[PDB]
There are 4 protein chains.
Amino acid sequence: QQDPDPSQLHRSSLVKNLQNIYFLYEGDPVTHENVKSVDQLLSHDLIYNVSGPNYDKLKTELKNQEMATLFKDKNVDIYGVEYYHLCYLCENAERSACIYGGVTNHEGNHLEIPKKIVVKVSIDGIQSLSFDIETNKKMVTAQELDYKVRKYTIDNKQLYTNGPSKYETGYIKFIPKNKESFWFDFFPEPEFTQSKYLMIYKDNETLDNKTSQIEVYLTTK
Amino acid sequence: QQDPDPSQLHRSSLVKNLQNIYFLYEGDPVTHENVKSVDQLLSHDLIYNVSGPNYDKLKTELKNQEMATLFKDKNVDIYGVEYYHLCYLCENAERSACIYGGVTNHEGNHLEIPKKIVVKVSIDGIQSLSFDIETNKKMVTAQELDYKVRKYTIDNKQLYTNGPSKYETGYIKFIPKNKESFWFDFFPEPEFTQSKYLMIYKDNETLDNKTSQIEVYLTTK
Amino acid sequence: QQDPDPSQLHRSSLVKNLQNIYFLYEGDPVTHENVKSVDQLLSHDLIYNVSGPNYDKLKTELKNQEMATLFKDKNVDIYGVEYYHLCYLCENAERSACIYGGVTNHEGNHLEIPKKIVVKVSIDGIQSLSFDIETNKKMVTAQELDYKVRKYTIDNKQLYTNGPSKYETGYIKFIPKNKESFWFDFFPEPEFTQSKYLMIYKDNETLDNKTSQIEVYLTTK
Amino acid sequence: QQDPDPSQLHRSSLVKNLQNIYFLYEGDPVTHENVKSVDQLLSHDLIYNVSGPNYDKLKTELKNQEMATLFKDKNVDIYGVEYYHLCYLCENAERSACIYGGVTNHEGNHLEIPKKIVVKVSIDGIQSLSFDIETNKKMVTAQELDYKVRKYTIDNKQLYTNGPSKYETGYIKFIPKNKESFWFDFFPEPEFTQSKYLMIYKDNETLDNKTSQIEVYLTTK
């Protein structure tokens with residue numbers, strides 16, 4: 001996957017209920033240090049018995065079968081954007097939550113001092129600014145970063161607002177010291193659902209913090 | 001309806017996930033002063049475009065077609081226990097919230113000084129204690145009360161808990177100065193869902209605060 | 001419950017997607033002789049491991065907890081109208097099928113020769129005609145009948161169609177030789193769901209064939 | 001996508017409720033000659049006001065926004081596998097029915113005489129046999145075929161059955177005269193749902209019949 005063309009980017013203005021994206025990145029993420037799955041619905045998703053403000057259970061649809069089973073019996077670290085509307089678990093569970101990927105091993109992956117990272121932002125071609133974000137994981141979830149990144153630009157540069165966004169088009173780009181570059185369109189298809197958009201974290205992509213970079217691009221358009 | 005029999009009272013011990021009742025009466029209720037429905041799904045429910053922490057829309061299932069259509073063009077005050085698991089609205093609605101009944105006119109039904117009402121608590125026959133609860137409405141949603149009443153006992157006499165309850169059988173009894181008397185088992189069937197239990201507030205029973213009395217009967221068993 | 005008033009009746013002209021009612025009574029009902037529940041979802045419903053063209057599982061929401069348990073270990077004869085839109089069973093079960101009540105014991109309740117019952121139809125004050133319906137059960141589900149009855153009038157007097165109905169109002173009245181009389185409105189509220197209408201059979205009302213009578217009242221209007 | 005490895009194939013023995021696959025392929029597919037979409041839920045799916053025995057409406061999730069929109073205003077021919085458990089449409093549509101892909105232009109793409117295509121079957125390495133399948137389309141959905149192929153083997157070589165499979169591993173492979181080859185795993189992961197599986201049809205892959213070939217590999221294992 002190479003750098004996107006200006007004709008592939010979803011434009012905010014078009015998206016219907018866009019606020020439903022706001023809440024995703026404005027509200028705190030789900031975080032759980034060292035845990036282990038318990039039940040699982042489909043051979044490609046895992047469940048965890050963790051609690052939170054709005055949940056007493058949690059599922060995470062991973063890339064596929066092979067991946068799911070791999071973390072079935074491993075103490076992991078979860079960091080994901082959850083969604084509620086259209087989330088399923090135990091035939092008997094109200095107070096469910098859902099996420100995709102965001103799962104990374106625990107032992108031998110949690111650092112000493114948080115390796116901050118520089119996120120370069122480009123508004124209309126010109127590099128207006130840059131900021132920092134932290135992490136603990138030597139190997140972090142693509143997701144994690146994106147959030148922390150967005151969360152910021154959402155509280156300081158009003159990326160998403162309970163309503164129209166200040167930017168027409170925006171995408172986040174990752175640069176692993178050795179792998180290919182990739183990106184996520186900050187905006188959904190005109191008509192979307194939380195569940196459907198959040199599949200951008202399903203591949204549960206992971207990359208070394210120490211060696212990866214991050215570039216953001218937006219259009220004041 | 002007349003006073004129950006100790007064999008018709010649901011017993012807490014039996015109830016599975018009982019906490020799902022807890023969260024209902026522990027967390028803040030749904031309040032909305034003077035509003036008017038907008039769209040409506042079924043001829044017996046109305047929708048209100050209100051806002052809350054976890055919702056931007058709201059549905060309320062009432063007794064039937066008649067009643068619904070009755071409050072459609074009327075400004076009203078809403079006060080009700082909301083559930084989330086199994087709540088529907090607009091095909092394009094994420095962040096939904098529901099409730100049963102809990103609707104009362106607004107104009108000419110709001111007092112000056114909150115009329116305080118005394119509830120007589122009886123633990124195992126003996127009238128252990130009594131407490132107060134307020135309102136504003138001349139004609140109150142049976143619901144409202146029930147809530148306020150449970151909320152208290154819960155935070156003070158540990159009615160419901162995030163887990164097993166201290167009590168086994170308990171029910172609230174209302175007594176209208178000229179109407180019959182009725183009650184609501186404080187405990188759902190062994191296997192229930194929020195949406196199903198809360199239906200007790202469907203008839204949207206209303207009564208005059210000035211003349212009506214309340215009694216609660218619990219069992220330490 | 002006494003005979004209705006011409007203002008309490010629903011009007012087929014109002015009903016939106018009326019066809020959804022057609023099908024219900026057009027297509028074959030659900031029949032299963034001598035069986036036993038297996039699993040159960042909510043304290044007040046039972047699941048049967050039976051099959052039909054479009055289902056390998058079947059749930060039946062009964063009146064209350066009490067009633068449910070009562071048939072949990074009894075060989076019964078099911079006979080009822082099923083619906084698929086909005087039916088829940090096993091977290092893993094696709095091809096579900098739900099119905100309300102329609103459960104009657106099996107042993108010592110089935111006859112030799114079917115007792116034909118006469119239904120008196122009335123179109124606009126005048127008793128235009130009457131026909132016969134069969135059954136085997138000494139004690140039958142209020143349901144069973146109503147179907148057989150409707151079914152008929154639909155293939156012969158086109159009660160329901162894939163669209164507008166020839167009639168505007170109509171209801172079926174049952175007359176137990178000793179109990180009270182009661183009825184069902186042939187037309188739902190203007191905006192309904194199969195699930196929500198079919199509950200008229202939840203009480204699982206049963207009556208003796210030998211002694212009961214049926215009368216229908218329609219309007220050409 | 002090159003030929004799979006014997007470790008990448010899902011094994012029926014494992015698969016849970018497997019029958020659910022049977023049904024999809026045992027009962028008639030969904031066909032519609034020359035039609036046009038009307039409404040649409042997500043920017044990447046379309047809806048058609050078509051009628052079948054179990055549906056008065058039909059949705060079809062395609063590859064993405066672009067594709068959908070492309071076929072939005074065109075007379076198309078639908079050919080595809082429909083699943084019901086978990087199919088969504090209009091907030092007011094019961095009797096829904098979904099499918100992925102299976103959409104192809106209509107005008108100029110339909111033939112005179114059905115070009116029969118030969119499929120090569122290989123049971124345990126040996127090509128025990130081969131058979132023919134028809135079609136009208138100059139360009140066919142990968143789907144159509146896969147179905148007809150399976151449907152066949154299913155009534156003649158007991159591929160699937162209302163239960164365990166006579167085979168353990170099987171996949172259909174397609175071969176374009178100028179494009180890359182690919183395949184579909186005849187079996188779902190151990191725990192699946194119709195919805196999820198049928199997705200292998202989402203890319204709405206299409207290809208010229210006159211030049212394409214079909215192979216099938218299974219194992220009696």
# chains A, B, ... in the order shown; residues from 1 in each chain; ligands from 1

call {"tool": "residues_around", "arguments": {"residues": "residue 150 of chain C", "least_positions_apart": "4", "cutoff": "10 Å", "atoms": "only C-alpha atoms", "output": "list in words"}}
result
residues 22, 25, 26, 145, 146, 154, 155, 156, 157, 158, 159, 160, 171, 172, 186 and 216 of chain C

call {"tool": "write_last_selection", "arguments": {"atoms": "N, CA and C atoms", "output": "PDB file, in the first residue's frame"}}
result
ATOM      1  N   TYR C  22     -50.329 -10.885   6.415  1.00  0.00           N
ATOM      2  CA  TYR C  22     -50.762 -11.868   5.432  1.00  0.00           C
ATOM      3  C   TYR C  22     -49.948 -13.131   5.681  1.00  0.00           C
ATOM      4  N   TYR C  25     -50.496 -15.740   8.405  1.00  0.00           N
ATOM      5  CA  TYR C  25     -51.598 -16.678   8.290  1.00  0.00           C
ATOM      6  C   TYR C  25     -51.765 -17.375   6.943  1.00  0.00           C
ATOM      7  N   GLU C  26     -51.023 -16.934   5.937  1.00  0.00           N
ATOM      8  CA  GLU C  26     -51.111 -17.564   4.630  1.00  0.00           C
ATOM      9  C   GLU C  26     -50.333 -18.860   4.698  1.00  0.00           C
ATOM     10  N   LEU C 145     -57.146 -22.389  16.703  1.00  0.00           N
ATOM     11  CA  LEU C 145     -58.395 -22.016  16.097  1.00  0.00           C
ATOM     12  C   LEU C 145     -58.221 -20.767  15.248  1.00  0.00           C
ATOM     13  N   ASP C 146     -58.082 -19.622  15.908  1.00  0.00           N
ATOM     14  CA  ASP C 146     -57.942 -18.343  15.220  1.00  0.00           C
ATOM     15  C   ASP C 146     -57.230 -18.495  13.895  1.00  0.00           C
ATOM     16  N   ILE C 154     -59.101 -16.118   4.512  1.00  0.00           N
ATOM     17  CA  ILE C 154     -58.107 -15.479   3.675  1.00  0.00           C
ATOM     18  C   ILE C 154     -58.033 -16.089   2.291  1.00  0.00           C
ATOM     19  N   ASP C 155     -58.172 -17.400   2.220  1.00  0.00           N
ATOM     20  CA  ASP C 155     -58.128 -18.051   0.929  1.00  0.00           C
ATOM     21  C   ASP C 155     -59.497 -17.976   0.287  1.00  0.00           C
ATOM     22  N   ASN C 156     -60.534 -17.804   1.097  1.00  0.00           N
ATOM     23  CA  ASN C 156     -61.877 -17.749   0.542  1.00  0.00           C
ATOM     24  C   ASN C 156     -62.561 -16.394   0.533  1.00  0.00           C
ATOM     25  N   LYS C 157     -62.348 -15.585   1.562  1.00  0.00           N
ATOM     26  CA  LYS C 157     -62.951 -14.256   1.591  1.00  0.00           C
ATOM     27  C   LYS C 157     -61.860 -13.196   1.580  1.00  0.00           C
ATOM     28  N   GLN C 158     -60.671 -13.630   1.179  1.00  0.00           N
ATOM     29  CA  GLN C 158     -59.511 -12.769   1.095  1.00  0.00           C
ATOM     30  C   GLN C 158     -59.460 -11.842   2.291  1.00  0.00           C
ATOM     31  N   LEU C 159     -59.247 -12.389   3.478  1.00  0.00           N
ATOM     32  CA  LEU C 159     -59.165 -11.528   4.644  1.00  0.00           C
ATOM     33  C   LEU C 159     -57.926 -10.681   4.413  1.00  0.00           C
ATOM     34  N   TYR C 160     -56.781 -11.354   4.409  1.00  0.00           N
ATOM     35  CA  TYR C 160     -55.494 -10.712   4.202  1.00  0.00           C
ATOM     36  C   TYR C 160     -55.012 -10.978   2.781  1.00  0.00           C
ATOM     37  N   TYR C 171     -62.627  -8.728  13.829  1.00  0.00           N
ATOM     38  CA  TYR C 171     -62.055  -9.356  14.996  1.00  0.00           C
ATOM     39  C   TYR C 171     -62.714 -10.695  15.192  1.00  0.00           C
ATOM     40  N   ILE C 172     -62.053 -11.540  15.961  1.00  0.00           N
ATOM     41  CA  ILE C 172     -62.554 -12.866  16.227  1.00  0.00           C
ATOM     42  C   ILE C 172     -62.926 -12.902  17.702  1.00  0.00           C
ATOM     43  N   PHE C 186     -58.112  -8.423  14.306  1.00  0.00           N
ATOM     44  CA  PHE C 186     -57.473  -8.929  13.103  1.00  0.00           C
ATOM     45  C   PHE C 186     -56.423  -7.980  12.538  1.00  0.00           C
ATOM     46  N   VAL C 216     -67.100 -14.272  14.236  1.00  0.00           N
ATOM     47  CA  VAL C 216     -66.205 -13.270  13.667  1.00  0.00           C
ATOM     48  C   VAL C 216     -67.027 -12.080  13.210  1.00  0.00           C
TER      49      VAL C 216
END

call {"tool": "interface_residues", "arguments": {"of": "chain C", "to": "chain B", "cutoff": "8 Å", "atoms": "only C-alpha atoms", "output": "JSON, numbers by chain"}}
result
{"C": [41, 42, 43, 44, 65, 189, 190, 191, 192]}

call {"tool": "closest_residue", "arguments": {"among": "B:1, B:13, B:7, B:20", "to": "residue 92 of chain A", "atoms": "only C-alpha atoms"}}
result
B:20

call {"tool": "atom_distance", "arguments": {"atom1": "atom CA of residue 60 of chain D", "atom2": "atom CA of residue 24 of chain D"}}
result
15.6 Å

call {"tool": "residues_around", "arguments": {"residues": "segment 177-181 of chain B", "least_positions_apart": "4", "cutoff": "7 Å", "atoms": "only C-alpha atoms", "output": "PyMOL selection string"}}
result
chain B and resi 1-2+211-212

call {"tool": "write_last_selection", "arguments": {"atoms": "N, CA, C and O atoms", "output": "short mmCIF file (atom, residue, chain, number, x, y, z; two decimals), in the first residue's frame"}}
result
data_model
loop_
_atom_site.label_atom_id
_atom_site.label_comp_id
_atom_site.auth_asym_id
_atom_site.auth_seq_id
_atom_site.Cartn_x
_atom_site.Cartn_y
_atom_site.Cartn_z
N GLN B 1 -55.35 -5.33 41.59
CA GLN B 1 -54.25 -6.20 42.08
C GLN B 1 -54.17 -6.13 43.60
O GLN B 1 -54.23 -5.05 44.18
N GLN B 2 -54.04 -7.29 44.24
CA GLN B 2 -53.95 -7.30 45.69
C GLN B 2 -52.58 -7.78 46.14
O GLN B 2 -51.78 -8.27 45.34
N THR B 211 -51.92 12.70 47.99
CA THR B 211 -52.75 11.71 48.67
C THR B 211 -52.26 10.27 48.76
O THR B 211 -52.70 9.53 49.64
N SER B 212 -51.36 9.87 47.86
CA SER B 212 -50.86 8.49 47.84
C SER B 212 -49.75 8.11 48.83
O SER B 212 -48.92 8.94 49.21
#

call {"tool": "decode", "arguments": {"residues": "segment 46-107 of chain C", "atoms": "C-alpha atoms", "output": "compact mmCIF listing (two decimals), in the first residue's frame"}}
result
# COMPACT_ATOMS: atom_id res chain seq x y z
CA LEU C 46 -39.02 -22.83 26.28
CA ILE C 47 -36.97 -24.09 23.39
CA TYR C 48 -37.80 -27.16 21.35
CA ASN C 49 -35.40 -29.13 19.20
CA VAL C 50 -37.71 -29.48 16.20
CA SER C 51 -37.44 -28.89 12.49
CA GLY C 52 -39.50 -27.46 9.71
CA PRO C 53 -38.54 -26.17 6.26
CA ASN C 54 -37.03 -22.91 7.60
CA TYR C 55 -35.85 -23.91 11.06
CA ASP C 56 -33.93 -26.40 13.18
CA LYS C 57 -34.83 -24.71 16.49
CA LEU C 58 -37.98 -23.19 18.00
CA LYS C 59 -38.68 -20.93 21.00
CA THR C 60 -42.04 -20.16 22.55
CA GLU C 61 -42.51 -17.19 24.92
CA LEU C 62 -45.13 -18.17 27.48
CA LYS C 63 -47.20 -16.16 29.96
CA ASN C 64 -44.84 -16.22 32.93
CA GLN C 65 -42.07 -18.07 34.75
CA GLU C 66 -44.63 -20.35 36.44
CA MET C 67 -46.27 -21.46 33.19
CA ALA C 68 -42.90 -22.09 31.57
CA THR C 69 -41.43 -24.41 34.19
CA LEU C 70 -44.78 -26.18 34.19
CA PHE C 71 -44.26 -27.52 30.66
CA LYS C 72 -40.48 -27.86 30.90
CA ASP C 73 -40.69 -31.63 31.43
CA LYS C 74 -43.93 -32.42 29.75
CA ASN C 75 -44.56 -34.06 26.40
CA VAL C 76 -46.59 -31.42 24.61
CA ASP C 77 -48.27 -30.70 21.29
CA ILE C 78 -47.27 -27.41 19.72
CA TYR C 79 -49.42 -25.67 17.20
CA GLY C 80 -48.71 -22.07 16.31
CA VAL C 81 -47.80 -19.07 14.16
CA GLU C 82 -44.10 -18.45 13.90
CA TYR C 83 -42.15 -15.35 12.94
CA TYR C 84 -38.52 -14.87 12.09
CA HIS C 85 -37.86 -11.17 12.09
CA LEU C 86 -36.58 -10.52 15.61
CA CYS C 87 -36.24 -14.01 17.06
CA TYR C 88 -33.51 -15.02 19.61
CA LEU C 89 -32.37 -18.46 20.82
CA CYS C 90 -28.89 -19.91 21.30
CA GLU C 91 -25.96 -17.49 20.88
CA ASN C 92 -24.86 -19.94 18.19
CA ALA C 93 -28.23 -20.61 16.53
CA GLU C 94 -29.04 -19.37 13.01
CA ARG C 95 -32.26 -20.57 11.41
CA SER C 96 -34.24 -19.81 14.58
CA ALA C 97 -38.02 -19.63 14.87
CA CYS C 98 -40.24 -18.11 17.54
CA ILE C 99 -43.88 -18.46 18.57
CA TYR C 100 -46.07 -17.42 21.47
CA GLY C 101 -47.84 -19.97 23.64
CA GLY C 102 -49.55 -22.61 21.56
CA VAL C 103 -48.37 -25.36 23.85
CA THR C 104 -50.81 -27.98 25.04
CA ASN C 105 -50.20 -31.24 26.87
CA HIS C 106 -50.15 -34.36 24.75
CA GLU C 107 -51.37 -37.34 26.79
